[PDB]
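Read off the chains here:
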There are 4 protein chains.
Amino acid sequence: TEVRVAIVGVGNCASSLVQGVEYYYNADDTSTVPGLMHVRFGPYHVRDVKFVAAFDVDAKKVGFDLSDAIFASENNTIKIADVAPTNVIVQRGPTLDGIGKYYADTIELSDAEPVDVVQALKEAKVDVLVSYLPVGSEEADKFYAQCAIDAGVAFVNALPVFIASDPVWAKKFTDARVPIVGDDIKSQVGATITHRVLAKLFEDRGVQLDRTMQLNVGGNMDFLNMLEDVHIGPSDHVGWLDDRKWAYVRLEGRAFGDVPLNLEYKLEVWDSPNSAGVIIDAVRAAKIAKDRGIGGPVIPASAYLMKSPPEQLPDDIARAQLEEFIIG
Amino acid sequence: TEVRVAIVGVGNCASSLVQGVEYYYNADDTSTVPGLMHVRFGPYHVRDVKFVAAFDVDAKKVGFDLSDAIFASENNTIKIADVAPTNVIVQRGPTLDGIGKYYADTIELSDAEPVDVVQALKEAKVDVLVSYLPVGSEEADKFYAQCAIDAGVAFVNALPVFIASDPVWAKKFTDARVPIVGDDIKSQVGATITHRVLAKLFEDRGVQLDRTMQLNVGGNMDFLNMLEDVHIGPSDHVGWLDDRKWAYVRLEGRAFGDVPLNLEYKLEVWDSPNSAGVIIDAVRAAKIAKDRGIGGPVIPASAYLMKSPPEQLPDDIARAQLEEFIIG
Amino acid sequence: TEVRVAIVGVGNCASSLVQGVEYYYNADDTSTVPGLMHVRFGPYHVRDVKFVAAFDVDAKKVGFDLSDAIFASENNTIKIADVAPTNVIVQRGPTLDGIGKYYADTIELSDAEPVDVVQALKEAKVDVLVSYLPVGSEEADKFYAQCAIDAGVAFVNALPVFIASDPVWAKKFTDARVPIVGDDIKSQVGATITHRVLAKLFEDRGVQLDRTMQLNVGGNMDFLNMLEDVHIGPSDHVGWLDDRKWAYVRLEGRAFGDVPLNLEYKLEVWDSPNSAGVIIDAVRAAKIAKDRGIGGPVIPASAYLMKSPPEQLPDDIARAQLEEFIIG
Amino acid sequence: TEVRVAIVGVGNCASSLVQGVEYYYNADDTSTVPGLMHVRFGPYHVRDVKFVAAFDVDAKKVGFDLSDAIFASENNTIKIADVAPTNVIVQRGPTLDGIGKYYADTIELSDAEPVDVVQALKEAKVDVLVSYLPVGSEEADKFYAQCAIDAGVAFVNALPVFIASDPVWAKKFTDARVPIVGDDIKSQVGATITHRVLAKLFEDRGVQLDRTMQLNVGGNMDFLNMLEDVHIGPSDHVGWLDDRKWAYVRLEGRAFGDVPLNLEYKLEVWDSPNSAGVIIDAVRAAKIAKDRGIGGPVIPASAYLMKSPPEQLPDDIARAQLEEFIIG
Ligand SMILES: NC(=O)c1ccc[n+]([C@@H]2O[C@H](COP(=O)([O-])OP(=O)(O)OC[C@H]3O[C@@H](n4cnc5c(N)ncnc54)[C@H](O)[C@@H]3O)[C@@H](O)[C@H]2O)c1
Ligand SMILES: NC(=O)c1ccc[n+]([C@@H]2O[C@H](COP(=O)([O-])OP(=O)(O)OC[C@H]3O[C@@H](n4cnc5c(N)ncnc54)[C@H](O)[C@@H]3O)[C@@H](O)[C@H]2O)c1
Ligand SMILES: NC(=O)c1ccc[n+]([C@@H]2O[C@H](COP(=O)([O-])OP(=O)(O)OC[C@H]3O[C@@H](n4cnc5c(N)ncnc54)[C@H](O)[C@@H]3O)[C@@H](O)[C@H]2O)c1
Ligand SMILES: NC(=O)c1ccc[n+]([C@@H]2O[C@H](COP(=O)([O-])OP(=O)(O)OC[C@H]3O[C@@H](n4cnc5c(N)ncnc54)[C@H](O)[C@@H]3O)[C@@H](O)[C@H]2O)c1
Ligand SMILES: C[As](C)(=O)[O-]
Ligand SMILES: C[As](C)(=O)[O-]
Ligand SMILES: C[As](C)(=O)[O-]
Ligand SMILES: C[As](C)(=O)[O-]
Ligand SMILES: [Zn+2]
Ligand SMILES: [Zn+2]
Ligand SMILES: [Zn+2]
Ligand SMILES: [Zn+2]
């Protein structure tokens, strides 16, 4: 009944995921938990999620037990639960394009030789591989995706590298009978969706949005890495913010009579945990597809849990389709 | 082709309405204007809206031309258009419960004797009477509603006094074959709808809203009059704000792992003009119902343009039903 | 070496004071603590402050040990330290005008008969009586001030009732050789001083401040009680804020060329603790004056620690004069 | 009685300066104007400031009348006054290091051959040269400073290139009997001074400032150019902001009992005009020093009007010393 999970990139998101499973390890499956569609997704309780392997390139992570690696190097997300030794030692994966200038100047790459990822996946009997590679790691993400396909392991693509949403890659998974949920994991409530909802509000109520500004500040490596009319994008890295992300947004519009109507807000979130619940749902959905031997992109799951899914669908419809998929 | 309009309560809302018609008097009916469903609602262009009568109780308004009365006494909304003399002299209506302690201490009641409103409506051949009485004026609003019924004049109830939404009053209008659109005119984008949309966002995304605060400040008589877990309501009267209304709102919730997620915002609007467009649509809808000899609450119009309609309907559905009503 | 303290009004401020002494009971006198001029003020270490008596009128406080009374009824300030039983039982003081409509509707007055305060003070051998009566309690504050004079007990007036700053009362204390520090205890950083500093900034830099607004919200009885161009004052009571006080302030000015220059801010503080340190310094200053047999207002202490002192003096000068007073 | 002024760098600051003189051309010298120490500084009325020459490198400015050049290319500050043709044609200055990558990719350099600046200054009989070179233009600013010295023209250094504050350069001006006021012109109320005052407030009131963040956004070339614990610095370029600069700042501290005390604010200013008044005072001070034949840094003026003066002095003292200098 377990879901054997392997993690690529033991960063802040990996930390929120491992801690998250620990946090809700004893949750009642008849109750509702924030950030999770179901404490028990299909047959899988959160506790059924077992971490059996992990890959990284940082000297302070490779060779260390997963339980330590999640709190090492630049990892700095909020600690919600203690994580006992897992006995899972982080292995050396191929760096490829996963480490940009800012990262390289911040960490030291492990001296260990990159292992044979496909063999590593098979030896660990992994069911689902979750990829947390830094933004821009196209070669690296596609490399890991390929290993997953070759090892017959389901893939959950958490970063904005088009794989599940690239017909070419969708076909590779389909033909191999390997499931994939992916291309940019969603956050529960982040700046993007908040701005979308409000912009829609203006529009639906007849208020013309003339100008908009979105300033984002954070203090983690994901933010640092991304640093490397309408305005939007990472603004400034603020060390003491750690894994938190603050969004300062201003909407300026005109209502009846061209009368000015403004709205300014600040959204405060802990970035990584904002997606841990979503990932946990993705992981189990990918597991279910695998139990059924259905390869290719898991359509309902990707539409509801990812920002760049194979096929676009309204959230509620995507949600309903995902609920049907679960029941099977 | 004209819509003969009479105004009860020449305050800030009345000012935005009269100025609004002037502002869009030459608008192209194939274009879209903020705050208006249609420049030409059915057969009625904004310009077809003619002000033929008005009633008030303030010594600085009664006896004055409507064009002056809208800028008199405590009226202080934003001026978007010059208004030439209308030759419509503001008449003395019965005060009843339209003037509370705060208002009474602020203005001087007109020495003139209250006129016979029913006769006044008939003599002016009014088609639609729009009521802008202060909040709490139940006896006064029902009195004016009654006059409207007796004169065979359609009624648009802009304040939170239940008439269209009170089965008893709905029946009175129905039986008299007089249309009524009403009970609290909507604003395009105000604090209420903004908070609703965001609260829904949290809920839909699995974020538990634990605490919420909504502080409102303004500088007009409507605000002054209203001054006479969850928190909400008029907070403080700020003189120099005039007709503007600022809402400071904070939402505190918990996302996956009980991680704190907050959102704080400030909405800046010019309160009265925020409903002028809505009123203009209500007025013409009421006119159309009258042209058809259909009495009682105009269901589609009230559902879409009012906060407390006879029957609740999702905005988009109410909107679609209103579009069908227009075509007839 | 102890400073025998009695408290009038066991509310939020009393709670922050008692907890405060506990919190810094073991502080190093060569270190600096936020909110305190000296861990050891003259000969008195914070720990030398002993609570020996207290008076209230609330049924949930009178008859209870001080350690419980500080956390009873509507008290809701932040808890910074555990407070062990003190064996000091809260006595029934005369209500007089200390309980307004809002308070009366919130609490139940103790059935106990008001005691003879003068006798109570003498029996407890009190050195300093600190008054935390609600705003507006003039008769009550002057009554307690009188008892203090009669018992030869130094008085620290924390509320805005003019006593130390009223020549008539200043003379009563002087003639009795009883010290008094008083009339509205200062906060370290509150809305008032923050606005003062910024308004001064504008002025000194040649920016004309045209309009200003200050909105305050809180969730304690002090705030509730106070609820009973320029804008300023208590705006709205927000239950879940508890003892916290949030100030939303906006300054609008004109710089060179009449160019608009604005500044908007939000100050978040825990109201009661914001003055506990100040009170602790006041208490010891009053003790020192008593050791010297010097009656009347302690000038340096009042100028630096109170909002409405007998004599106004620039903070730094008042501070320097207070430092000289300490050395003696 | 005129002050012959030449401008190096016809950007936003140059625009605010030229418009500023026009705006207050008819000001009463017995009145006080925001941003100016005196409408009449010594013998010089604002109107005595005459623009007689200007230098730039942009193809859309060189060869154009100053009155047009101030509103050309990327200039986008607020327009406070119409500026009639001046008959002063912008000349081609040597680019040197005044145009970085971001600027070069934004504008096209003039095809004209750089002129002999020293000769140009002499031919125009310039009294004061104001330098508005972009940040980082060390070689260019020192080149222009040298020309000024050689032409016997007073220099006002508005950018952060150390000249007046570099003993070596201070001596060059002194030995040549040429005055210099300089190194980074002050703003009336900008983010820096606002943060300074508040940080000082915390400190003086016993509140320990633990963390601070300062985010700045703007929409002009100065901001774009600058883009090329504690946090501070240019955060993000927001096109539609134009010459406006918004500073989002948050201060987090601990008050008595280690209780959290926070302050968050947003300062909205029009960046360039925020220094026009200061420059006008600097220009006349430099003129007075020249009338007296006193070379080297004008100490009082630099201490009060510049961020990096030769010698540091408290603002009020520097202000008083400057007032004495004026009287002479
Ligand atoms: N945190 C969120 O809410 C959220 C939401 C959507 C998308 N994402 C994306 O998910 C990713 C995860 O971010 P974090 O989790 O915030 O990032 P992170 O920077 O903390 O960690 C990335 C990890 O990958 C490791 N890594 C780098 N190259 C590697 C390679 N070749 N092989 C194996 N490991 C390698 C790094 O050493 C590091 O431990 C980012 O791309 C982010 O943009 C995050
Ligand atoms: N402004 C908005 O966006 C908006 C939205 C929804 C509802 N409303 C409601 O609409 C009403 C109109 O507010 P304003 O228009 O903002 O208010 P207002 O205070 O400016 O004007 C009300 C007017 O009614 C007059 N009046 C009082 N008693 C009267 C009587 N017996 N007979 C005739 N006239 C009388 C007053 O003298 C005054 O001119 C308020 O009740 C308000 O709450 C306004
Ligand atoms: N908290 C601050 O930072 C601050 C700063 C300056 C001034 N003050 C003033 O100090 C006072 C203390 O406020 P809290 O401490 O915040 O107020 P509070 O409302 O929490 O407590 C006042 C207490 O006085 C008791 N009381 C009322 N009448 C009494 C009487 N006749 N005899 C004895 N006790 C009586 C009440 O039952 C209550 O326990 C207020 O007047 C407040 O405005 C507070
Ligand atoms: N605006 C303020 O409040 C303020 C306050 C302090 C300091 N400053 C500094 O003053 C300077 C002026 O900024 P703006 O005025 O905002 O900048 P800007 O970018 O608008 O204009 C600089 C001008 O210099 C011209 N220039 C560039 N290289 C040149 C060269 N070699 N010779 C002649 N002209 C050349 C450019 O083409 C442009 O017109 C900046 O360095 C800024 O940082 C501005
Ligand atoms: C069955 As359930 C509590 O996950 O919706
Ligand atoms: C016909 As139309 C421009 O009002 O939607
Ligand atoms: C002597 As001390 C540390 O209180 O200033
Ligand atoms: C003499 As004056 C009005 O500039 O201070
Ligand atoms: Zn992350
Ligand atoms: Zn209104
Ligand atoms: Zn208090
Ligand atoms: Zn500038």
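Residues numbered from 1 in each chain as written, not as in the entry; some residues may be left out. Chains lettered and ligands numbered in written order. Heavy atoms only, no water. Residues with missing side-chain atoms left out of burial classes, pairs and counts.

This entry lists X-ray crystallography as its structure determination method and reports a resolution of 1.95 Å.

Okay, the site of ligand 3 next. Residues and elements named next belong to chain C. Around ligand 3, the structure places 30 residues, and the nearest of them are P94, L133, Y144, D222 and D271. Here an oxygen atom of ligand 3 sits 2.7 Å away from a polar atom, N or O, in the side chain of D222. The contact in question runs from an oxygen atom of ligand 3 to an N or O atom on the side chain of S275, over 3.1 Å. Computed on the free molecule, ligand 3 has an accessible area of 860 Å², of which 98% lies beneath the protein chains in the complex. Elements represented by at least two residues in the shell around ligand 3 include exactly α1 (12-23), β4 (49-56) and α8 (221-227). Its residues assigned to classes, the shell around ligand 3 shows 17 nonpolar, eight polar and five charged. Summarising the domain contributions, the shell around ligand 3 has at least three residues from each of domain 1 (1-188 + 273-327) and domain 2 (189-272). (Near = heavy atom within 4 Å. Polar contact = N/O pair within 3.5 Å; in protein donor to acceptor, adjacent residues only side chain to side chain. Areas by Shrake-Rupley, 256 points an atom, 1.4 Å probe, with all protein chains shown as cover. Helix = DSSP H or I, 4+ residues; strand = E, 2+ residues; numbered from the N terminus. Nonpolar A, V, L, I, M, F, W, Y, C, P; charged D, E, K, R; others polar. Domains from an automatic or database assignment.)

With that settled, consider the interface of chain B and chain A. In this assembly, 48 residues from chain B lie in contact with 48 residues from chain A. Between chain B and chain A the total buried area reaches about 3800 Å² when both faces are included, carbon and sulfur atoms providing 63% of it. Of all residues in chain B, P34, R205 and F256 of chain B bury the most surface against chain A, accounting for 23% of the area lost on that side. If you look at where chain B meets chain A, you find two salt bridges. In this structure, the salt-bridge partner of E268 of chain B is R250 of chain A, at a minimum N-O distance of 4.0 Å. Put simply, chain B and chain A have 14 residue pairs in polar contact between them. (Contact = heavy atoms within 4.5 Å. Buried area = accessible area lost by both parts, 1.4 Å probe. Salt bridge = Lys/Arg side-chain N within 4 Å of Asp/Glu carboxyl O.)

Quick look at the relation of the copies chain B and chain A now. Mapping chain B onto chain A leaves a residual RMSD of 0.0 Å; the transformation is a rotation of 180 degrees accompanied by 0.0 Å of translation along its axis. Both copies of the chain, as the preceding transformation shows, are related through a two-fold rotation axis. Scanning chain B for the C-alpha nearest the rotation axis identifies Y265 of chain B, at a separation of 2.0 Å. (Least-squares fit on C-alpha atoms.)

A word on the interface of chain B and chain C. Taken residue by residue, the interface counts 20 residues in chain B and 20 residues in chain C. Those elements that place two or more of their residues in the side of chain B that touches chain C are β9 (208-218), β11 (234-237), β12 (244-255) and β13 (259-270) of chain B. For the side of chain B that touches chain C, the element with the highest residue contribution is β9 of chain B, accounting for five residues. When its residues are assigned to classes, the side of chain B that touches chain C shows eight nonpolar, five polar and seven charged.

All names here are of chain A. Positive phi values are uncommon outside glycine, yet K125 reaches one of about 50 degrees. Mapped onto the secondary structure, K125 falls in the loop between α4 (117-123) and β6 (128-131). On the basis of relative accessibility, which here comes to 61%, the residue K125 falls in the exposed class. (Buried < 20%, exposed > 50% of the residue type's maximum accessible area, 1.4 Å probe, protein only.)

A few words now on the packing of aromatic side chains. In this structure the tally under the stated criterion is 26 aromatic pairs over all chains. Geometrically, the ring pair formed by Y23 of chain B and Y24 of chain B is edge-to-face, given 4.8 Å between the ring centres and 85 degrees between the ring planes. Of the residues examined, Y23 of chain B reaches a relative accessible area of 32% and is grouped as partly exposed. For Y24 of chain B, a relative accessible area of 7% corresponds to the buried category. Of the aromatic side chains, those joined through ring pairs into one cluster are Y23 and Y24 of chain A together with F256 of chain B. (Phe/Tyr/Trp six-rings, centres within 6.5 Å; stacked < 30°, edge-to-face > 60°.)

Moving on: the sheet that holds β4 of chain C. Residue and element names in this part refer to chain C. One open sheet accounts for seven strands, arranged β5-β4-β1-β6-β7-β8-β14; its pairing is parallel. Two strands lie at the open edges of the sheet, namely β5 (91-92) and β14 (296-297), each paired on one side alone. Pairing geometry for strand β8 (residues 179-182) and β14, over two bridges, is parallel. Each bridged residue has a counterpart across the sheet, and for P179 the counterpart in β14 is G296. (Pairing = 2+ DSSP bridges.)

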